[PDB]
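As a starting point, one isolated chain is supplied in structure tokens, in the form deposited in one PDB entry.
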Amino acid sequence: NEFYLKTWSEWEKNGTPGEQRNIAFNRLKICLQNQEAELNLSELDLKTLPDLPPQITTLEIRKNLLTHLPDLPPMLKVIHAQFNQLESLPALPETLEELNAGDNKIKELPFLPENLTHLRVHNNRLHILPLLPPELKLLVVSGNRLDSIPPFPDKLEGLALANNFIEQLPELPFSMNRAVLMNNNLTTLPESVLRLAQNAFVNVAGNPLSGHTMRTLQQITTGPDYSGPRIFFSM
């Protein structure tokens, strides 16, 4: 573990004046010496990060100036990277459960590991997604440039895709409780939308839904015994 303390001391010496590499160094040092689970380097204006302590399960590094990350330690379960300048992500560790990279510049994601449950990548530049893994519970990708979206795994409960360019929506799994679809290019909805739970919520405002689609929906959602989700669609 002899490398780390000195790759950190050289890292501390090779930055710019705005970066708070000293506060960072101290936090890294205390985290390693005490073998802590969480590393918090947030809000230190850091432009790079060095090799990370290998035992951490949570990495919280939001609000820095990072364009890339070093390799991710193989036991991380939670990463908070919002508000950076990331152009990409390294290979994601198989332990990973939550990826929060909102407000970055990411053009494509790497492979999504099999245990991932929460993927939050709003305000990026993603044009396509990898296949969504089967344990996924939450997907936030609003404000990207997505032309299409992959099939949804059957435990997905929250889906947010406002302000994309999606033209066709894959069938929705019964797990789905909250689906934000505004300001896309949808012209129809999959019939699965009507089979979701009564407490579920679906927003399709700001989509060019066809006339036959709108008539169908107003016919059903106002019908006497309608027990499907609340569907918001404007005219």
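Just so we're on the same page, rigid core means the largest C-alpha set that superposes within 1.5 Å between forms. Residue positions are given as counts along the sequence shown, with the first one as 1.
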item: Higher-scoring stretch by recorded Cα B factor average, 173-181 or 26-34; value: 26-34
item: Average Cα temperature factor in the PDB entry - higher stretch of 99-107, 71-79; value: 71-79
item: Residue, from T58, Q168, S192, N203, that the PDB entry assigns the highest Cα B-factor; value: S192
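Absent from the display: the form deposited in another entry. The rest refers to it.
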| property | result |
| --- | --- |
| Position with Cα shift of 2 Å or more, rigid core superposed between the shown form and the other one, options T222, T16, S9, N22 | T222 |
